[PDB]
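**Q** Please find one structure pasted underneath; my questions will follow.
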Amino acid sequence: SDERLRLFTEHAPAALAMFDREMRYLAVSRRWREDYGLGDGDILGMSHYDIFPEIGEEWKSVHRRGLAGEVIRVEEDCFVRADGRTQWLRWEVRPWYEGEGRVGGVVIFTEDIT
Amino acid sequence: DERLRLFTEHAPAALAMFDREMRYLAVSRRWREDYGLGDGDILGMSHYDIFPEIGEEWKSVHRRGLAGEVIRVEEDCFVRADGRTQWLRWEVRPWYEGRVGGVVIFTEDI
Amino acid sequence: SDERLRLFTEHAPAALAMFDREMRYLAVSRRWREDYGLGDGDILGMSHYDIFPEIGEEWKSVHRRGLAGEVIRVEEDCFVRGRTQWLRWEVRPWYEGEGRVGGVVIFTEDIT
Amino acid sequence: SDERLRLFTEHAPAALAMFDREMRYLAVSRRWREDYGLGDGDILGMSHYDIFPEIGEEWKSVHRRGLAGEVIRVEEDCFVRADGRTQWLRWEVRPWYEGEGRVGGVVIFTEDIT
């Protein structure tokens, strides 16, 4: 399971990442690295929050909410970019599970709908 | 596509991929077990011929799925022909071929 | 045990299959299913020899050699089924994390 | 596609690297980075020849041969070492094919068996 999940995320057609409890990268899809400007180096075990330290507590709440077993999906969401241009998003945050029924972390997905 | 098909087949949970006719495009091994299917080729076989007893309630969910809607239930309860009760977690999701290809379905017995 | 390998073979463009120490399917490529006329049922965990009880002793030694750690590659081979087939094939071990052989992976391809 | 290989290489337990036609890295395994001392940073597109310029014609001809589609594998190769230790290596160099498919480059594996 765990590895297959990890491999499935790496291999995913869209932008996917998998994280542990500390929001540290367990795995990344290729689109995710591109979409998030992450490079091709090894980022595994790195922390999303160190990498982006300007996130805003709004995401932190969501990440927290997911880490407690909530599946969060928003079909069309809207942000206004620092750009000044509005961007539209589809995203999902959901927990993944350890062998025991303890939450391992989260898997997150996003796509530009805009 | 095939990427999708291949993931569902080797999923660690009970997964199946359907077309707009609700006929199988792919299936996980656990789906095969939980659903009482064989190790046989089931491709192109309609889910509804296989489970004719299956209700209008579900059919409605599937069409909603077919309409591009993702449908989720974390804890659900339903009663079966045996009339033993089963608690369930289920997700029904569209997949796109970009118009909608079909649906992907997941169920887990609690 | 190698999920990564199972994944690689499943998605392979060529004819590839992965076996355990007892020669039962761990993973199959599409071309292999087609080329070998497996069909589309669930064949994983099935033994290759049972599906094909006719397979010769010549292959069994090769599969056996492979399970003993040998990488076997033949660039061009000829065989007869009445018609003739020209072939390239590879048999080699895949390994468990403990350093033990876990099985073999087999690849076949037409050279003409 | 390219991805299947890249992912395969990247998650290899052994030391594995994937190169393009000009011998610049497309993917690297962790052991390869460790064994070859490249570090955890993105090296994608760097040329192996630039990173190691002392590399011989002995390798180059071999690399080239693989790019010509040859599968080359050596079960035991011995190199004497500055250390005074003979080192034996197991290695394979072989082509990978683009979807067309023409060689997209080579895949190289080295393992110390001494």
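All Cβ positions, even for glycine, are placed from backbone atoms using ideal geometry, and neighbour counts span all protein chains on display. No lab work stands behind these numbers, since they all come straight from the coordinates.
**Q** Kindly indicate which of B:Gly68, B:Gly102 is surrounded by 13 or more Cβ atoms within 10 Å (Cβ to Cβ), among the small types (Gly, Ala, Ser) and assigned to a strand (DSSP E or B).
**A** Unique residue meeting the criteria: B:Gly102.
The rows are residues; the columns are (1) over 30 Å from B:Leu6 (Cα atoms); (2) surrounded by 17 or more Cβ atoms within 10 Å (Cβ to Cβ).
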{"position": "D:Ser1", "(1), (2)": "no, no"}
{"position": "D:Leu7", "(1), (2)": "no, yes"}
{"position": "D:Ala17", "(1), (2)": "no, yes"}
{"position": "D:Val28", "(1), (2)": "no, yes"}
{"position": "D:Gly45", "(1), (2)": "yes, no"}
{"position": "D:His48", "(1), (2)": "yes, yes"}
{"position": "D:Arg73", "(1), (2)": "yes, no"}
{"position": "D:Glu111", "(1), (2)": "yes, no"}
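**Q** I'm checking my understanding of the structure. Among residues of region D:87-99 that are loosely packed, with under 14 Cβ neighbours inside 10 Å and out of contact with any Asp or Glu (no Cβ under 7 Å at 6 or more places or on another chain), which one is nearest to D:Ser29 (Cα to Cα)?
**A** Across region D:87-99, the extreme among qualifying residues is D:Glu98.
**Q** I would also like to ask the following. Only one of (1) touching a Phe, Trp or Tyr at 6+ places or on another chain (Cβ under 6 Å); (2) part of a loop (DSSP other than H, G, I, E, B); (3) away from chain B (no Cβ under 11 Å) is not met by C:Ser1, so which one is it?
**A** Condition not satisfied by C:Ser1: (1).
**Q** Of all residues being of a type in the set (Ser, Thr, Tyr) and assigned to a loop (DSSP other than H, G, I, E, B) in region A:4-42, which is farthest from the other protein chains (Cβ to nearest Cβ)? Just the residue, please. Outline the logic, then answer.
**A** Quick first cut of region A:4-42, residues of a type in the set (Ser, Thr, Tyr) only: A:9, A:25, A:29, A:36.
Adding the requirement that they be assigned to a loop (DSSP other than H, G, I, E, B) leaves A:29, A:36.
Details: A:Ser29: 10, A:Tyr36: 14 Å.
Selected residue: A:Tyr36.
**Q** Taking C:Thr84 as meeting all but one of (1) in contact with a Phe, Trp or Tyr (Cβ under 8 Å, 6 or more places away or on another chain); (2) among the β-branched types (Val, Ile, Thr); (3) surrounded by fewer than 15 Cβ atoms within 10 Å (Cβ to Cβ), write down the number of the exception.
**A** (1)
**Q** Quick one: in region A:50-65, which of the residues that are part of a helix (DSSP H, G or I) and hydrophobic (A, V, I, L, M, F, W, C) is surrounded by the most Cβ atoms within 10 Å (Cβ to Cβ)?
**A** From region A:50-65, those part of a helix (DSSP H, G or I) are A:50-51, A:57-65; that's our starting set.
Applying the additional criterion that residues be hydrophobic (A, V, I, L, M, F, W, C) yields A:51, A:59, A:62.
Details: A:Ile51: 15, A:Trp59: 15, A:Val62: 17.
Among them, the one singled out is A:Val62.
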